[PDB]
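Here is the naming used below: chain letters follow the sequence lines, and residue numbers restart at 1 for every chain.
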There are 2 protein chains.
Amino acid sequence: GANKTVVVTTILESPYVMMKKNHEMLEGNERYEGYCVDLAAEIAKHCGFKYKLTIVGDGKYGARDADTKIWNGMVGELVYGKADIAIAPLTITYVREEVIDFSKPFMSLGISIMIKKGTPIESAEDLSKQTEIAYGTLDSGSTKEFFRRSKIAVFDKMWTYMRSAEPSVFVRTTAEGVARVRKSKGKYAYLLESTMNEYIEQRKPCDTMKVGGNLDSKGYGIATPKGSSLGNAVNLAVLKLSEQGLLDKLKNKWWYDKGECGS
Amino acid sequence: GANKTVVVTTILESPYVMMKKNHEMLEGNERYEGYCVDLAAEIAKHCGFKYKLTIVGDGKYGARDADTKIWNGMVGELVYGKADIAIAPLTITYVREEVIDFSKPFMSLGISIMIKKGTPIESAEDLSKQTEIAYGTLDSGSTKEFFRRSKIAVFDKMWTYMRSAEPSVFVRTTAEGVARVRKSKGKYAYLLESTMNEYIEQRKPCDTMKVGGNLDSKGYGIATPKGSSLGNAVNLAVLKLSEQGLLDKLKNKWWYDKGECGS
Ligand SMILES: O=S1(=O)CC[C@@H](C2CC2)c2ccc(F)cc21
Ligand SMILES: O=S1(=O)CC[C@@H](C2CC2)c2ccc(F)cc21
Ligand SMILES: N[C@@H](CCC(=O)O)C(=O)O
Ligand SMILES: N[C@@H](CCC(=O)O)C(=O)O
Ligand SMILES: C[As](C)(=O)[O-]
Ligand SMILES: C[As](C)(=O)[O-]
Ligand SMILES: [Cl-]
Ligand SMILES: [Cl-]
Ligand SMILES: [Cl-]
Ligand SMILES: [Cl-]
Ligand SMILES: [Cl-]
Ligand SMILES: [Cl-]
Ligand SMILES: [Zn+2]
Ligand SMILES: [Zn+2]
Ligand SMILES: [Zn+2]
Ligand SMILES: [Zn+2]
């Protein structure tokens, strides 16, 4: 039928989607800024659709409850028909690809370690061989699932510790994990995706750093419900933006051009 | 109908697919070794098919002739029904994704610079600002197309030089490009994918090196003809192998465990 405004689900996560300063009482898409706001504008332009940005109701990325089998987060909004597309730092995973469609990745990342500067930790192995420094992940995302599912000795040892550690080492938002690192005097390290780690490393007060290599290698993709008519065009649009260098320009724009910790 | 042996097209490119020493007179898949041989075995196992490895007849990756509009290389073998699947260092690109299907990537790479050690070159900008040192690409692949299509000032300048340079700066195989670097006393630099660059850097006589950052960011994917019944299962299999850490183990096995230039 007639063209319809596409409902985009996304998540308030810096620097992907942020409320512009003093824009809370304004309307529509102009309230928001960030890498994924710019990406949504390009994808929509290349695919020829109008869209409305909406923030996922429960503030989550997406996981399947083991008991009820219900999907939450942005994945759930696609699965249950609340949104037409997710344009967000949403990680491509096997269990998600079974229930939604992902474009080719628009950004690469891996799980990484954030420390407060000076923390005597250089690797995941270092974390796993000690107990003075606590460590955790975002509480309902692909990083937590990576540790839950891993059969690699070091990551299995870390999961065995994290899943029963008290108080909980898991946090509700990236901002909570960063704040916990910054206030714990070196006694908390946060396991998060390298993209968010490297963004925070360039933000005042410049007191965190990414240490060691990444624990895995994957990417974010644009997600659509299974069988959506948008998937084919969205996928090609990502590849076009990649080959044009636009994705590189946007990463520099939101990570490093605006860095607050020097050159 | 009944299960049929899947015809795999691939390419003789180290360390992805190599003839085992003294295996030329043997038969079937056991003749070959490499990263993509190991990957094919896993993909076939996870998808439940038997397969036959075949080397692409024309030795090419795949490009579309501007005059005849015919696809060559492994892409052509899929397009024209000569093979059922390509398991190879085949780069995900927009023009290929229009005519074949790609899985999610199984390996990341970017275009990079190979120099003979000691060459006074650190970047693509350095190459573009001088003429003493020639530079080129593989003659019928995604790297050449990257330069042909780029609107970025430095890469446009490099393309303007490469496309009319005489003798040709393009080579027929990666091995030819490496040999040209090694014998040109520093007066030829080779533009190739970072994966092949970093492999050769660890091979005797240990006289080349990768310099500068990568020029772009992309990946290899497993390719199937449009609408093939294999695509969905192959795509999930790649993600499963990724999440299990198998792709990481295979990269280490074929790049660094067997490195000949020290630790
Ligand atoms: O779509 S993926 O998650 C498939 C797995 C890995 C591949 C195995 C190296 C990967 C890497 C970069 C990226 F940007 C996305 C992805
Ligand atoms: O499937 S891709 O070619 C889509 C573009 C880039 C994305 C833009 C960063 C990418 C990166 C790693 C990889 F392994 C594959 C690909
Ligand atoms: N990008 C992740 C969320 C962040 C994390 O888990 O580290 C996801 O899609 O679940
Ligand atoms: N992987 C490339 C070939 C090598 C290159 O062009 O550098 C392709 O699929 O065309
Ligand atoms: C339920 As708990 C181990 O995250 O506090
Ligand atoms: C046709 As030519 C410029 O590669 O020798
Ligand atoms: Cl808009
Ligand atoms: Cl997941
Ligand atoms: Cl912009
Ligand atoms: Cl076999
Ligand atoms: Cl191409
Ligand atoms: Cl093995
Ligand atoms: Zn365990
Ligand atoms: Zn760093
Ligand atoms: Zn030009
Ligand atoms: Zn290097």
Side-chain angles (χ1 to χ4, degrees), chain A residues 104 232 235-236 239-240 243, chain B residues 4-14 16-19 29 31-32 34-37 39-40 43-44 47 49 51-107 109 111 136-149 163 168 170-177 192-193 195-196 218-232 234-235 238:
Chain A
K104 291 294 187 297
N232 181 72
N235 184 66
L236 290 175
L239 294 183
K240 183 171 277 195
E243 291 179 6
Chain B
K4 197 189 198 177
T5 300
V6 169
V7 177
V8 180
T9 186
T10 192
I11 189 164
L12 289 173
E13 184 77 81
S14 301
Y16 299 94
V17 184
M18 306 173 287
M19 170 67 64
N29 298 341
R31 292 168 293 167
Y32 303 106
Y35 176 101
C36 286
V37 178
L39 178 58
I43 293 292
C47 297
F49 60 77
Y51 62 100
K52 179 190 185 291
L53 298 173
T54 71
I55 304 305
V56 59
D58 65 4
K60 297 178 181 177
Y61 284 86
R64 187 174 177 263
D65 185 277
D67 302 307
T68 68
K69 311 293 180 181
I70 294 174
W71 287 90
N72 67 23
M74 291 178 281
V75 178
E77 298 208 332
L78 298 175
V79 166
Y80 300 115
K82 309 306 183 187
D84 300 304
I85 190 165
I87 305 181
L90 184 65
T91 303
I92 299 159
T93 73
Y94 181 102
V95 294
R96 289 172 178 169
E97 190 95 53
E98 291 187 288
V99 301
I100 59 179
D101 286 331
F102 283 105
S103 68
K104 291 294 187 297
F106 64 83
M107 189 178 291
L109 72 300
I111 294 167
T137 75
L138 185 71
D139 189 51
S140 292
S142 55
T143 300
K144 191 182 185 178
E145 176 75 356
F146 172 87
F147 286 99
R148 186 197 312 273
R149 297 306 175 196
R163 69 176 156 190
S168 180
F170 305 107
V171 300
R172 301 177 288 175
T173 68
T174 307
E176 183 184 343
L192 81 171
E193 293 171 332
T195 43
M196 306 183 182
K218 56 206 176 185
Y220 304 140
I222 291 173
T224 46
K226 277 288 180 223
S228 155
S229 68
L230 289 177
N232 181 72
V234 164
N235 184 66
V238 171

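In terms of heavy atoms, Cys36(B) sits closest to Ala88(B) at SG-CA, 3.7 Å. Between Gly219(B) and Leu109(B), the shortest heavy-atom distance links the atoms CA-CD1, 3.4 Å. Residues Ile100(B) and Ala223(B) approach most closely at CD1-CB, 3.7 Å, considering heavy atoms.
Side-chain N/O atoms of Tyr32(B) and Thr10(B) include no donor and acceptor closer than 3.5 Å. A donor-acceptor contact under 3.5 angstrom links the side chains of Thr91(B) and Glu193(B), judged on distance only.
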>> Evaluate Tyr94(B) against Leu236(A) for side-chain contact (heavy atoms from CB on, under 4.5 Å), listing each step before the verdict.
In response: CA-CA 6 Å; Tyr94(B) 181 102; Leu236(A) 290 175; 3.7 Å; yes

> What do the steps show when you test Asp65(B) against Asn72(B) for side-chain contact (heavy atoms from CB on, under 4.5 Å), and what is the final call?
Replying inline: CA-CA 8 Å; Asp65(B) 185 277; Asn72(B) 67 23; over 6 Å; no

>> Using side-chain contact (heavy atoms from CB on, under 4.5 Å), reason through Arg64(B) and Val95(B) one step at a time and then give a plain yes or no.
In response: CA-CA 9 Å; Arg64(B) 187 174 177 263; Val95(B) 294; over 6 Å; no

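Using cut-offs of 30° and 60° on the angle between ring planes, the pair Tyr16(B) and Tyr35(B) is perpendicular.
Inter-residue side-chain proximity for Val37(B) and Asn29(B) is flagged as unmet; no heavy-atom pair is nearer than 4.5 Å. Between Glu243(A) and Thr93(B) there is a side-chain heavy-atom pair separated by less than 4.5 Å. Residues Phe49(B) and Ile43(B) are in side-chain contact: their nearest non-hydrogen atoms beyond the backbone lie under 4.5 Å apart. In this structure, the side chains of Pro89(B) and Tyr61(B) come closer than 4.5 Å at one or more pairs of heavy atoms.
Evaluation of the salt bridge (charged side-chain N to carboxylate O under 4.0 Å, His left out) rule for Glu13(B) yields no partner, not counting sequence neighbours. Applying the salt bridge (charged side-chain N to carboxylate O under 4.0 Å, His left out) criterion to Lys60(B), with sequence neighbours excluded, gives no partner residue. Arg163(B) pairs by the salt bridge (charged side-chain N to carboxylate O under 4.0 Å, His left out) definition with nothing, not counting sequence neighbours. A search for salt bridge (charged side-chain N to carboxylate O under 4.0 Å, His left out) contacts involving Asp84(B) returns nothing, not counting sequence neighbours. By the ring-ring contact (aromatic ring centres under 6.0 Å, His included) test, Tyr51(B) pairs with no residue at all, sequence neighbours left out.
To the nearest 0.5 angstrom, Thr174(B) atom OG1 is 6.5 Å from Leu192(B) atom CG. Annotation: the span from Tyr220(B) atom OH to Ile87(B) atom CD1 amounts to 15.5 Å, rounded to 0.5 Å. With values rounded to the nearest 0.5 angstrom, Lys218(B) atom NZ is found 11.5 Å from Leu239(A) atom CG. For the atom pair OG of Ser228(B) and CG of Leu78(B), the computed distance is 9.0 Å after rounding to the nearest 0.5 Å. Residue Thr5(B) holds its OG1 atom at 9.5 Å from NZ of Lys52(B), rounded to the nearest 0.5 Å. To the nearest 0.5 Å, the span separating CD1 on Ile11(B) from OG1 on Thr54(B) amounts to 11.5 Å.
Residue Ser103(B) is tested with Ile85(B), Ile92(B), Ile222(B), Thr224(B) for a side chain to side chain contact (heavy atoms under 4.5 Å, CB included); the sole match is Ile222(B).
Residues in residues 88-107 of chain B take part in these salt bridge (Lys or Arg N to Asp or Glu O under 4.0 Å) pairs, two or more places apart or across chains: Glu97(A)-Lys104(B), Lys104(A)-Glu97(B), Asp101(B)-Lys226(B).
A donor-acceptor pair is defined here as one N or O able to donate and one able to accept, closer than 3.5 Å; no such pair exists between the side chain of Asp139(B) and the backbone of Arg172(B). Side-chain atoms of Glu77(B) come within 3.5 Å of backbone atoms of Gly57(B) as a donor-acceptor pair (strictly under, hydrogens ignored).
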